[PDB]
Structures are given as C-alpha cells and as structure tokens.
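Considered here are two forms of the same protein chain, supplied as structure tokens in two stand-alone entries, structure 1 and structure 2.
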Structure 1
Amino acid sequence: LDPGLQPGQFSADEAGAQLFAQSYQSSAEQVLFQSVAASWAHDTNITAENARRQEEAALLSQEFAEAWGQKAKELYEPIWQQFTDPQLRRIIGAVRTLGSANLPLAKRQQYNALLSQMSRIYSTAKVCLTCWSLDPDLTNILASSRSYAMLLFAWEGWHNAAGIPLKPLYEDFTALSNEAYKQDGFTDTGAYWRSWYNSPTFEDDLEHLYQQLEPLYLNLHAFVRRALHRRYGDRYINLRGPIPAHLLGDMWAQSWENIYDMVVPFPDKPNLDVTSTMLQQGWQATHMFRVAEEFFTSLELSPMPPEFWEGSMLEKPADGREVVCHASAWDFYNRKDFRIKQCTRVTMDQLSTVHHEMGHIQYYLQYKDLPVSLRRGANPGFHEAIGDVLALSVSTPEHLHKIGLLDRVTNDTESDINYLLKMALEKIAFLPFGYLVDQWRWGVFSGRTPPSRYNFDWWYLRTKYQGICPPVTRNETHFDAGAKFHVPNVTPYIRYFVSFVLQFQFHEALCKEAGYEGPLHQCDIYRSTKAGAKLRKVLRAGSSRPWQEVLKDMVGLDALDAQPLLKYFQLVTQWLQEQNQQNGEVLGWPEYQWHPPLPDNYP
C-alpha cells in the first residue's frame, strides 16, 4: 500500500478517532476512486485486460481495508461503542468490518477472480440458432412473442446458457465469502447482509408484511391465469395449477406489465401503455434522461452535472464492445463524477427504469459532503425506492397527458380499474419474487441448501411463493438461480421487497405534504417544492442516523408498514376478488405437481 495511504498513530480515545476518521476519509476517497474507475472501464468494455486491472484495484482496496481495519481495532476496540459522537460510532463500525480483507492473499486473488469470471459469464452469454443476447434480443422475445414454442426456446436457452457454467464458480465463491465474514464474527455472509437493517426481529417483520400482501397476489394470479387460459388453452394452462414460467412477459416472471393487452378489462378507455406513442414521436434515450431530470428540478432538486452528460453510457454500444447491460448508477467518490450505464430501449417501463437510476444519482448528489462511510442510503431499501417514488407520479394518466404521451384523460371508475390493474402487474406481481430470492441465498450461505439442492430449493420457493412452474424438466445440472443478474453479480435482493413497501409510504407522505387531497393513486407531486424539501431532508442524511428515525421524521412512523400500498390498491383489490368469485376461480395452485407438456415439434 502506498505510504501516503497507510494509517498513522492516534490516541486510544474519541478525540483521536475523530482525527482517525478524517485521516481515513482522506485516504479512502482515493482508494474508492481507483476501484470504481477500474470497475467502470470493465463494465463498459469487458476484456481480459480490463478484468485484470479491476482485480489489481480490488487487491489494493483489500490491503487498504486490512491496514485501517487492524489499526481501528488495535486503538479503539474497547471504546468505540461508547463514543459520544453517533456518526463517529457508525464510521468506526464500518471501518472495523474486514470482509474479504480477512482472507490471506492467495484466497483474495481467487475471490476477486471469481467475481470477474461470474460477471463475464452472465453478461456475455448468448442463445444461438445467428446468436441472441439477453438485452435487447431475449428481452424483446419474452415481452412480445405469444408463441408458446418461441417463448420456450428463449426461456430454456437463456437459463441453460447462463446458469450451467456458473454453478462450480458460485460454489467456490460461497465458501470464500463465508470464510471472510466469519472472521468478522458473523455466523455466515447472510447474517452480515441482514445486519444492515439493525433490527432484532427483521425476519419476523418481513413475514408479517408478506401475510398481509399475499391475498392481493393470490387474486391477481388467478385472474391472470384465466386470461392466459383463454389464449393458450387447456393443454398449456391448468386453472388449478402453477403458471408456466415463460408466459408472463419477462424472463424471470417477476413483473407482468408486458401482458397488459391480454388482461385489460375496459379496452375502450385511453390506452395506458404509451410505448407505441413514444416510438411514433421519435423518443430516444437522451430525451428520456432529460424528461426524468426535469421532474427532479421541478421539485427544486439538483440537475445532472456536466460530468454526468459527458461520462455516462446511455445506449448499448454499436462498435462491437461487450458490456454489462443491467442498469446501474456510479459514484466515483470524488464529489465531481457521477454516471449512469444503461442499455436504454425506447419503452414505457424503460422510462420508469430511467427514473429508478436517476433516483440513485440524486441521492449521491445530496449526500456528497458527508464522510465517505456515511455516503449510503439510510438502509439499502431507501436507495432502491427514491426513483420509483417519482415514477409513481409520472405514470398517472394526468401526468402522461401533460408530457404529450396521452391525448385524452378520463376520470371514472373503469379508467381507475385499468390504471390500478396495470400498476398491480408491475408492483403486486413482484412481491413474492422480491421476498423469495434472498430466502434462497440465505439458505445457501447458512449451509441449509448445499450445492446438491441449489435447483431443488430454488424451484420449491418459486412454486411456493410465485405459483409458477418451469416449462421443461430441470435437474441439479441446471442452476436457474444463476440466470438472474443479482446472483452472479453478488447484489443483495431483500432491499427490493423493502423498497416496494417503502415507496408507497413515501408516496403517501409526499402527496400529503404537496397538499394533494384526492385518491392516493391519482396523486402527481410534479412541481411541488414542499414535497421536494421533505424528500431532500431524507437524501441529505445518508446513513448518518438510524433508518427507523429517518422514516419517522418523513412519514410519521418508525417501521415498515403495508397500509399505504393497501390503500393505494384498495379499489382493484375489491374488484379482482369479486371477479374471481363470479368466475368460480380457485385461489392458489392446489395441483402443485403439475407441469405443461412439451410442444409436438420441440425444438
């Protein structure tokens, strides 16, 4: 480690730790900058040379972590917990967590290499027969093909190409991750991930939330299953069984907005998917980013700086290079450079994704003056929810009309049902998947799920919560969990279930604060400077204070709460129950063993 980057001496006491943290921050900024730079160069341009570089950068960050980790222990182990300065306790708490820096050098190299290799496999896998990539090729197939056979070919090819080669790597990564975190005193990596919520009853709190949400999901599911039965017929849809996993519009069946045209109850009303209008008008990526920016400035939040426009990657490259297409937002830790990398396509759900990623940027802009350790969300769920909250105003029919995407606007109960059903396909359908992914991964890290049951345990959970089934037989050579971005890219998942709850609590608070006084689902906070100010107080806090207190100041409660999401959806909740009753549906999937047959000509 460079001499300039190494820790000095400080006293064993709180005045020293202040000097320590100032010294640390001053060093960490440079280390973070070089890591993030090398990751960027790789993620926008996957080459062996770029992976080697990113690995050398992660090694540097491990030596940094070890030297300051060990120094923070050596001087402050007995005293840090008792500091007067609350922010200074969280700073030291972060600095003393070693992670992968607990590994000896040889295993640090093996760990850094596994991260590179898993990311490469996921982002460069192809389905051939002349080869399709996930984004945009397979995405487009899953979204707009209605051919059982075609959709099967894409689903199977993807799962096979991405998952099978990842399995041995995934195994070796799990063992090394556990070895690293167990020397920080956690039972396993999953215990370390969970500890970010600082909540003794987290697992029980999530389960209580899920029990209140499950009836809405079960009713959406049955109604959608019926729509599918009418197109695909009795051979491929079982009205008492799980839904084939390839028929819901999306490679992971995790949100259903693309099959809106099959389920829309009142087709004579304004057409609420505005994608075709966007195309007709000639919208491009950069217009989408500008319209999103304008919503933020209407709240008196910050514009995107020059460095964001000059540095970002807003389309998939044409020049041949290979890239990580899954979207992400980048803080370089120098308080100057911030970027988005997104393979943006011109579609309405992609306009939402634009807002999602710009919400992360806005968080980085607001907290850029805190000590580097506090430059995070109050919890991870808060960071994921910011952009989603604004996207809830943007997609209201009235807002779409203001921005030239919807010609007529109607205010009547049929238009409301359409609206709430479209939003349910996006928000309600997701809930079971958002909850299950880390139940799977926590079982793997704890050893409850060894490599010999990775796929068995994955499909148990897929069926149990989502009520889907794989459309072809799977076995333990398949590794279907690894065909989802966040698994090989090692991004925790429970943050999204938390986010999907929190965003409705935020929405309700900012609508009240804006002075809005009609139905929660018709609220648009656009141009409300009072709403902007309340949002800004959250963003400016970073992780400097407990999330339960940040939440209470914002919404008036110190806990996650399903009530706002339930109030938003109330009208469609009631309507879907009534429809399913009148149609004699069976809620749930009692025929749990059922799978569809192969088509005659497969493949």
Structure 2
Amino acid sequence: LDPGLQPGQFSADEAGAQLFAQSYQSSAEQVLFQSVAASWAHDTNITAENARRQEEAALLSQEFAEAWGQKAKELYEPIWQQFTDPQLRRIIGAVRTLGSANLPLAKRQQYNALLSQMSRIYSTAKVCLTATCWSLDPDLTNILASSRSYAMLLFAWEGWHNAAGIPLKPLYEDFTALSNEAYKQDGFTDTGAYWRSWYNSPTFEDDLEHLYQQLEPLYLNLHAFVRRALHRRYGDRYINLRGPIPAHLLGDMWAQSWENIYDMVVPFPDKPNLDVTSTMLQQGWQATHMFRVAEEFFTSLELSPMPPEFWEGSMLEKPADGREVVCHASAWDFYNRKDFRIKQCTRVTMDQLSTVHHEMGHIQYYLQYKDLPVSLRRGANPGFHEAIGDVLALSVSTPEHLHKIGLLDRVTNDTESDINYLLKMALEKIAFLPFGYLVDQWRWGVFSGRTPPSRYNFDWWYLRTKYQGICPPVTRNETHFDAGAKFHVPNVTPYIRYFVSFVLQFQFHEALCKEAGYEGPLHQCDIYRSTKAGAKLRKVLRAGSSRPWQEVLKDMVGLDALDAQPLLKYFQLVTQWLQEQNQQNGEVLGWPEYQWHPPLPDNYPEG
C-alpha cells in the first residue's frame, strides 16, 4: 500500500475518532476510484488481461481496508459503540468490519479469482444450436419474450440454465466458504447476517414476512388469471389449471416479470394497445433516444441533467466489434465527483425504456450526493437506490404521459382502459414480488448453512414453487445449479433491495403525487414537470446515507416504516376485478397439485 494511503496517528477517544474518520474518507476516494475503473475496464471488455487488472485492484482495496480497519480496531474497538455521534458510530463501525480483508493473502487472492471466474462464466456462457451460439442478451432474451413455441422456449430455458448453472456450482461453494470465513471474523454469524444489517432493523425478516402476507393474495389472483390465459393457448397437456405454471412460459428467463405475455392476458383488446414497443420500432427509436427522453423527465423536475462525462463514457448499446461485455445493466459511480456511467446493452422495447429510467435513477442519486464525504455516498438503504428510477417510470408508463411523448393515441379515461393498464402494471410489479422475496431467502439459507451444496437446487425449486407457483419444464437434479443462472448470484450482489424497492416505490409515488398537487386516482398520476415533486425527491437524494432511512422516509412519506398500503391502493381496482373474474371462471387459487410437471414435447430436444 502506497505511503499516502496508509493511516497516521489519532487519539484513542471520540475526538480522535472524528479525525480518523475524516482522514479515512479522504484516502478512500482514490482507492474506490482505481477499483471502479478496473471493474469498468473488465465489464465493458472481458479479457484475461483486464481480469488480472481487476484482481490486482481488488487486492489493493483489501490492503487499504486492512490497514485502516486494524487501525480502527486498535484505537476504537472497545469504545466506538458508546460514541455520542451516531453518524460516527456508523462510519467507524463500518471501518472495523474488514470483510474479505480478514482473509490471509492466499485466500484473498482465491476469493478475488472466484468472483472473477464466476462473473466471466455467467456473462460469456452461450447456448449452441452447429457452430452458431446464442447469448443471453439479446438472443435468449428475445426468444423468451416473443416466441410462443413451447419447444423453442424450452430449448432456450434449459440451454441457459445448463450453460450458466452447471460450471458455476463448484465455484459458488468455494466462494460461500471464504465469504463466511471473512465475515465471521467481524462478529457476524454469516455473510447473510452482514447483508441484512444494512437495513438496521432488528425485526427486518419479520417485517418482510408481514409485508408479503398482505401482498400474496394479489399474486395468487394474478397467477390464476394468467394460468387460465396460458391454458387457452398451450392446452391441457402443457398447462395444469390446478398446478404450478411451467417456468419458461411467462416471457422472461426467470419468470420474474410477465409483461411480455401482456397480449395473451389483456382483458379488453379493443382498447388502445398499452404495450408501446411496436410503436417505438415503427417510429425508429434507438438507445440514444431512450436515454435522452429519460434525461428530460429528470430535468423537468429540476433535477440534474447527465453531465458531458456521462455521455462520453457510458456504454449504451452492446458493442458492434468483437468485444465480449457484461450485458446486465448497471450504473457506475467512480467516486471522483466527475465520472458517472451507465453500461446497458439497450434494446428498443417498452420495458427497456423502464430499465433506462431505473439506471438513470442511480446516476441521479450519485449526482445529488457527490459533495458528501465518501462513506455517505450511498442510498438511505439499498432499497432507496433501487426505487428512484422506478418511481419516475410509474409516471412515464401512464397512457397520458405516453400520449405526451408521442407513443400513444389519446386514450379514453374509462374503466376498461384502467383495468388494462393496471393489469399491465401488475404483470411487471405484482408478478415480481415473490421472486424478489425468495432469492435472498435461498441465499441466506446457503450462507447460514441450512442449505449445503447437496441441496442448492432442491431448496431453490422449493422456494420457486412455494412463492412463484412455477415448476421446471424439465427434470432437474443436484448437478444443476439453477440459482446460478440468475445474474446477481454469481455476481455476489444482494437481492432483497428489489423486494424493498417494489413496495417503497409506491410509497414514494403517493407522496410525490400529493406534493405535485395531483388529486385523482393514484395510477393516473404523472409527476412530469412538477418542480415541487422534484424538490421533495431532491431532499431524499441529497441526504445520501447521512441519516437513518426511517427518518428520511418519515420526512418524505409521513411514515417511518415500509408499508404495503400505497401499493394496495394503486392496484385496488384490478385486485377487485381479478378476484371477481377468478370466482366467475371457477378458478382454484394456488397450485394444490404441487408435484405436477409438464411432459416433454414429442420430438424433444430437436426441432
């Protein structure tokens, strides 16, 4: 570690701790910058040389974390918990937590190598037909979205899960052991306990379960309605009206968003088509247009435009040359107050327009808290960061807003159109909830040891069936590692943030709509051009993590806790309508035939 990045001396009291924290944050910026820069260089250009460079950067970050962490423990370990300043307790409390820097050098290198190899495997995995091979994005993504052939969807689904999952399993087992070893030295029972601690709620898991109980009936009714719609097209052989839905038929590789099957489930087709994708294609929208349109919404609220450095630095399409990249969308803060970038393999699609807003929400957060000390440059909690762009996309997707940006003919304000819209939104928001909840339940079980390598897939599919009411379309066994075929698993990034964000975004939307002076139904609100809504949002963004999330939320929303009521209020009309329809159709809610799996196609797997 460079002499300039090593800690000096400070007194072993609160006053010295304040000076320690100030000096720590000054040095940390340079270390963060080199770390991010090397990660950017690899993720936008996957090579062996770029991977080695990223691994060296990770080692340097560990050296830094070790030096300052040991210093913090030397001076403050027995006293930091009694410090009067709560912001100071949070920062020193973080610095005393070494993580992977707790590992001996050999194991540090092993840990970094594993992360690199898992990332490489996930992003370079392909499905081969003789010589031509399909990638996840765009090839397999397009197939799951637009193919309605049971056999083709199966080939894509099985191909991907096999190609990504199988080689990942041995690496994931080793990562889990090393990660646990690291965090146990910091006093956590396991890595899952550390991840959960970010929410600073002693009742976090029970709070989540209470939230889910209120939401589950909405999912069960959506599920039943959708299952019936699928049965009408795939037939009694491939769809069991009392069983789980085959996992490959919902428009998405992980069945986590069902928006792609909207045309099959739309109750009133004679009304204007709310899926704006075909209109975007006809008009000739490109990635550039999508990002500029997203930017203009942010500026309409008097938030910050994207800086020159963003436009010059970002990767907004999958590169046309012979470059392999990480295609999963991401937003990047370089911690230099100047460089902020998005890397997205943008496709011309309505849901991708929502994803553009999502990523720009992360950037906007970075732009707003860039002048804070580096440790405060995060969301109030991870759920906040994930909610920002989604809140704005709720306004963008309204038929009225779509009309304003030229993507829809003036829509009527009638009950049929409302049901169509809310159903579309339910496919995107309600359908996701069970998946958002289950992923880290699986992962927490793995970190805790409740789920050993011998039950990885057994426990994955237990949760997928329990929550989502889906089943694998082909037989799986413990050689398969289907959890690993989801980006966030091999990329070691937590998932509960997304469940939190999907609830939180409706709380934000309600608060911002009220501030904007809007007086109608919540699902018809559009905050576009509301400088008052803008100012309220900006206060949250400029706060960073300087204050407990409960207090930030109280100031914005009037409540100091996550609450499902705004989501329920938003969806109320379609919730009632789906209940009524399922009752009339004589549906069974749930999947009592839990053991049911669909048969294989006759000519499996050829075609």
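All residue numbers here follow the sequence of structure 1, with the first residue given the number 1. Basically, rigid core = biggest C-alpha set you can superpose within 1.5 Å across the two forms.
Core superposition between structures 1 and 2 leaves every listed residue (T413, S276, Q183, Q81) with a C-alpha shift below 2 angstroms except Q81.
With the core superposed, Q18 shows a C-alpha displacement of at least 2 Å between structures 1 and 2. Here the rigid core is superposed, and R90 then shows its C-alpha moved by 2.0 angstrom between structures 1 and 2. Taking the core as the reference frame, the CA atom of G320 shifts 1.0 angstrom between structures 1 and 2. The Cα position of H595 changes by 0.2 Å between structures 1 and 2 once both are aligned on the rigid core.
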